[PDB]
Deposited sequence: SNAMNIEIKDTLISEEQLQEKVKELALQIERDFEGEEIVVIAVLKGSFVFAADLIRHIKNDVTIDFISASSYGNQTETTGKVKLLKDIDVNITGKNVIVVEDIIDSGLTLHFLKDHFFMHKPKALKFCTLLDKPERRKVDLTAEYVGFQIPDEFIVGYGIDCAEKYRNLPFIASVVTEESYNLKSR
């Protein structure tokens, strides 16, 4: 069985960091529209919170992919990102394989700018070069859950981020 071990990032710490990241995004794209693309499923909570602190004209869409072995696209975007500022939102980036493929895919739409925003980053686990421009936290725990992130579809409802162990 899997059980929660420790709280890694509290609800308050998460909201403070989301505010911090929204502010940086607002400054980096001051006076401009932004298109925010959330990578399903785990990033939806972070995205929901993040966009509510971004006051720019924001368009939101979702993308779904699953990798194997390149990467298969399950649900492509509907919105137009050609000539637009795009921020792709993720819960965690570790190997970076899926996101690297999404990056090339979005570049084919010829956006004005394409940046990646991840709540959590594990750069040490990279299998390809993919540097996120916005990173909430760098957390070392092996199995992380909460705030949209699951373990075997469980724990996405926690309002904080926790570690789990066997």
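| said: Need the unmodelled segments of the deposited chain, numbered from 1, in order. | reply: Missing from the model are residues 1 to 4, 74 to 80, 178 to 186.
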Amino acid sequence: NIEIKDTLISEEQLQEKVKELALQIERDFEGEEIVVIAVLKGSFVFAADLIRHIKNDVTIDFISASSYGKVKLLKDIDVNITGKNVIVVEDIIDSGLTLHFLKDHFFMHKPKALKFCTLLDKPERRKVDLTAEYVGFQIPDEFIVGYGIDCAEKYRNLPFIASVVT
From here on, numbers count along this sequence of modelled residues.
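| 136 to 144 versus 60 to 68 - which carries the larger mean C-alpha B factor in the record | Mean B over CA atoms: larger for 60 to 68.
| Averaged over C-alpha atoms, is the B-factor higher for 48 to 56 or for 102 to 110 in this PDB entry? | Higher mean C-alpha B-factor: 102 to 110.
| Going by the deposited entry, which of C117, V128, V35, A38 has the highest CA temperature factor? | It is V128.
| Chain third (lowest, middle, highest) by recorded CA B-factor, residue given as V165 | Its C-alpha B-factor belongs to the highest third of this chain's values.
| message | Could you place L73 in the lowest, middle or highest third of its chain by Cα temperature factor, using the values in the record? | response | CA B-factor rank for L73: highest third.
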